[PDB]
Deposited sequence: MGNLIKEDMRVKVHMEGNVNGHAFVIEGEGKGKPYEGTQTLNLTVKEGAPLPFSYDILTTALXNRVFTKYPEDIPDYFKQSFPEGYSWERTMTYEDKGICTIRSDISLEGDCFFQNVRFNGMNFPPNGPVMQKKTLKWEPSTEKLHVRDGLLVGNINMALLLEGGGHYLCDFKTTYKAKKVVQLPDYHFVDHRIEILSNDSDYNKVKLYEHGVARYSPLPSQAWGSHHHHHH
């Protein structure tokens, strides 16, 4: 392969959210095989961002996933050529985000070029009023469709005062190379904002992913 116990990360994101443009860069590091990582991010244009930073966070790389050896790792196999992805996030109040990202490797550094579009967030809703506290942790199902890997998740944001604001995630990941394809399976995720200034110009972001099958054993044969 070419991936190691420790890898560095470089992110570049541009986007637009409800007519507001912004760019954000980051530099981070993680452990592909243990499926954890941390990223330091800076808002370069558009500060102070007037929407919850949480809608961005999952946009900011499934090579940092712990993949048992019994499950082909689509992502690690995709390198050095790499892989890209595309995502739709539809919120329950009809806010919506579409997102594209290219994932290359130079040396030990993965670079992430991300474009991020968000739209239709009601001016008095949790996103533009920043009432989000965090994403509940989540489980993503991964299936093949046209040889692409496609993943879906029912996500929820924990709001100030408990209870949740939901959004459905659809992601399509595409290798730039012939790779052994996995069976149907899952990824347990927890994403976290560790630390941030009050306005979010700097944010330290963290992510744990573990792949599996189901743990309920089949009655079949």
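No C-alpha positions are given for the deposited-sequence stretches 1-2, 63, 225-232.
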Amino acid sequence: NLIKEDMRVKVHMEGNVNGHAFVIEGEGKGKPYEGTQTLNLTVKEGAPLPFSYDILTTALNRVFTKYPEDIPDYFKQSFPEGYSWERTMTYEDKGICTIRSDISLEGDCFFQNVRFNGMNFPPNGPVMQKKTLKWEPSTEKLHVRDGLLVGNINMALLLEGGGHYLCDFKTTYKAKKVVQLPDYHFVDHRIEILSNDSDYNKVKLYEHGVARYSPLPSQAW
From here on, numbers count along this sequence of modelled residues.
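According to the PDB record, 108-116 carries the higher mean C-alpha B-factor of the two stretches 93-101 and 108-116.
Higher mean CA temperature factor, per the PDB entry, when comparing 62-70 with 148-156: 62-70. Set against one another, the Cα B-factors of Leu194, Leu56, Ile191, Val178 in the record reach their highest point at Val178.
Between the residues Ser138, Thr132, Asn124, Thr88, the entry's highest C-alpha temperature factor is the one at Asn124. The deposited CA B-factor of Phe51 belongs to the lowest third of values across its chain.
Sort the chain's modelled residues by C-alpha temperature factor and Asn40 lands in the lowest third, per the entry. Split the chain's modelled residues into thirds by C-alpha temperature factor. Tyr33 is in the highest one. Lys202 sits in the lowest third of its chain by CA B factor, as recorded in the PDB entry.
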